[PDB]
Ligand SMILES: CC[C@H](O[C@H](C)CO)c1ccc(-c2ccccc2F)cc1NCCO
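Okay, so here's just one chain, in structure tokens, the form solved without the named molecule.
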């Protein structure tokens, strides 16, 4: 026995709301019907991807900016989920005060550390290492010293995710090493992940290693 009729039954799906969805249901849950965390500063997020035909400078696109955790949070659930983590994709997170190499040129003259993330452990590593950075940038690990950190760029080579953070004043070795050595050390890169450190000063020297600027481990 069997009756064939033109009709398809809804395909059951697991509840999560983490597969590119605009709102779902998070109201009437607790007295906190509008809890927003006030950040000391405002950080905007830029997304630039280089295609095999055009330059990144021309493919520079902006995603959004936020001066409150509740803000970046709303974006996190819309950006964090393979929404735009395709090959050749990149995104930066710095102070909105930044400028196209005009007055905030100091961001380019500063310094930054580069980390190599692998999608293989993205589940725990990318989720933990990233979540920590966000809260660490604003208030954690780097502490108030983070105020110097101009921003961080994330470049994911196809499947390999990469994260980089740049300091406003490369001279602030206190943040450079303390936040860079603690982040890489606390993250557990030295004994596995190679975190290359690049300083703008290298432009006026380059060629082989000289001082604390151009080390990966």
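Residue numbers count along the first chain shown, from 1.
Separately, the form deposited with the named molecule bound exists; it is not shown, and the next lines address it.
The three marked residues, 136, 172 and 197, fail to reach the named molecule in the entry with it bound, with no heavy atom of any inside 4.5 Å. Under a 4.5 angstroms non-hydrogen atom cutoff, the named molecule in the entry with it bound lacks residue 140 among its neighbouring residues. Under a 4.5 angstroms non-hydrogen atom cutoff, the named molecule in the entry with it bound lacks residue 144 among its neighbouring residues. Not displayed here, the named molecule is approached by residue 126 to within 4.5 Å at the level of heavy atoms in the entry with it bound. In the entry with it bound, no heavy atom of residue 121 sits within 4.5 Å of the named molecule. Applying a 4.5 Å heavy atom cutoff to the named molecule in the entry with it bound picks out 75, 76, 79, 80, 83, 84, 85, 91 from 75 to 91, in order along the sequence.
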